[PDB]
Amino acid sequence: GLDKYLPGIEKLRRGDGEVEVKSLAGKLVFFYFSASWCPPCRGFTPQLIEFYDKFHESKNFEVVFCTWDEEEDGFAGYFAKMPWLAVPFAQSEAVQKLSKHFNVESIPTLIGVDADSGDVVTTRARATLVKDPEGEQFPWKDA
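Residues numbered from 1 in each chain as written, not as in the entry; some residues may be left out. Heavy atoms only, no water.

Per the deposited record, determination of this structure is attributed to X-ray crystallography, with the resolution reported as 1.4 Å.

Section: helix α1 (residues 39-55)
Taking 1.5 Å per residue, 17 residues should reach 24 Å; α1 reaches 26 Å between its end C-alpha atoms and fits that length. Along α1, the helix axis deviates most sharply at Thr-45, where the bend reaches about 25°; the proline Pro-46 sits within four residues downstream. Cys-41, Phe-44, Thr-45, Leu-48, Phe-51, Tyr-52 and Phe-55 are the residues of α1 that are buried. Summarising the contacts, the buried residues of α1 are in contact with β3 (28-34), β4 (61-67), α2 (75-80), β6 (109-114) and α4 (125-130). (Helix = DSSP H or I, 4+ residues; strand = E, 2+ residues; numbered from the N terminus. Expected span 1.5 Å × (residues − 1). Bend = angle between axes of the 7 residues up to and from the residue. Buried < 20%, exposed > 50% of the residue type's maximum accessible area, 1.4 Å probe, protein only. Contact = heavy atoms within 4.5 Å.)

A short note on the environment of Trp-68
Within the secondary structure, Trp-68 sits in the loop between β4 and α2. For the pair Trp-68 and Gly-1, spaced 67 residues apart in sequence, the C-alpha separation works out to 23 Å. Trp-68 has contacts with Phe-33, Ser-34, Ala-35, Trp-37, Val-95, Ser-99, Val-104, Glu-105, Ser-106 and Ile-107, leaving out every residue within four places of it along the chain. A polar contact of 2.9 Å, which involves the side chain of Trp-68, links it to the side chain of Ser-99. (Polar contact = N/O pair within 3.5 Å; in protein donor to acceptor, adjacent residues only side chain to side chain.)

Points about the pattern of salt bridges
Here the structure, examined in full by the defined rule, presents seven salt bridges. Here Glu-134 ties to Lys-54 by a salt bridge, and the two come within 2.7 Å at their closest N and O atoms. Residue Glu-134 is located in the segment after α4, and its partner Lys-54 is located in helix α1; the two are separated by 80 residues in the primary sequence. Classification of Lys-54 by relative accessible area gives partly exposed; the value is 36%. For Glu-93, the salt bridge goes to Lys-97, with nearest N and O atoms at 2.7 Å. (Salt bridge = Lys/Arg side-chain N within 4 Å of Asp/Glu carboxyl O.)

As structure tokens, this is what we get:
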């Protein structure tokens, strides 16, 4: 399932270390495309952090930060402010290929996929989360 979006990446960053991609078995995985240079990312990121802290365990999901920053030296500080996972800066080419696959043209963007099947669940979670902070309509499935 995730093999198609993150081919050959067995580990993702978490805090100061790494977690195995296999540890996402069974979860809904959101790819969060954002960057330190993105103005609207400033006000959206804290709304996603509040939703994640409330529901990542009870609604069984994970968030994987996919950076659009191009300065390697700002990655650590920007990701350190997030509580979830990240594709490492060195694997930025995988992030750019994923951005094209999902037709991401602006950021912030939040795409949810089922880890086991790889099926796309929602492509509009940035828009739907701000109108549903309590996740009453989660996982905001695409038609």
